[PDB]
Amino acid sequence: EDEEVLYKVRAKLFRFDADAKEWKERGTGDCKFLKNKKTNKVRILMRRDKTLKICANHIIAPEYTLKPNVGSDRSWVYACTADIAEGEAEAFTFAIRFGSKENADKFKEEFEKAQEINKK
């Protein structure tokens, strides 16, 4: 691997379907913050349990803001401009949900640390 694991947490990822005005699940598994040892850039990489198929692959852009979801005290929603899980870089409204408020707050802390590393 050309990357170092900064943070690893179990999570469920959703993308908002604007047409059906509903959240659709994208995968469940280990959400990883990966630091590229050549560029020092940190991405989110998330793989599905058992299939190991990628459900998230994007840079933690400094311009991203984690917002609460009205339904949850253990979730964040953010716009992503360029995710390449399914191939061609696409824009998504993501929601990621954790086991606990504590995991969610820890995730927010780590995501901010990654934004600051990505500002360099």
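A residue's number is simply how far along the shown sequence it sits, counting from 1.
- [ ] By the entry's C-alpha temperature factors, tell me which of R47, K37, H58, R26 sits highest.
- [x] Among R47, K37, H58, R26, the highest C-alpha B-factor in the entry belongs to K37.
Open item on the list: Using the temperature factors of the C-alpha atoms in this entry, rank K21 within its chain: lowest, middle or highest third.
Closed with: Highest third, going by the recorded CA B-factors of the chain.
Task: Assigned third (lowest, middle, highest) for the C-alpha B factor of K67 - done: Its C-alpha B-factor belongs to the middle third of this chain's values.
Open item on the list: Quick check on the deposited entry: does the C-alpha B-factor of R74 sit in the lowest, middle or highest third of its chain?
Closed with: Tercile = lowest for this residue's CA B-factor.
Task: Chain third (lowest, middle, highest) by recorded CA B-factor, residue given as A95 - done: Within its chain, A95 is a lowest-third residue by C-alpha B-factor, going by the deposited values.
- [ ] Please rank the C-alpha B-factors of the chain's modelled residues and tell me whether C80 sits in the lowest, middle or highest third.
- [x] Middle third of the chain for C80's C-alpha B-factor.
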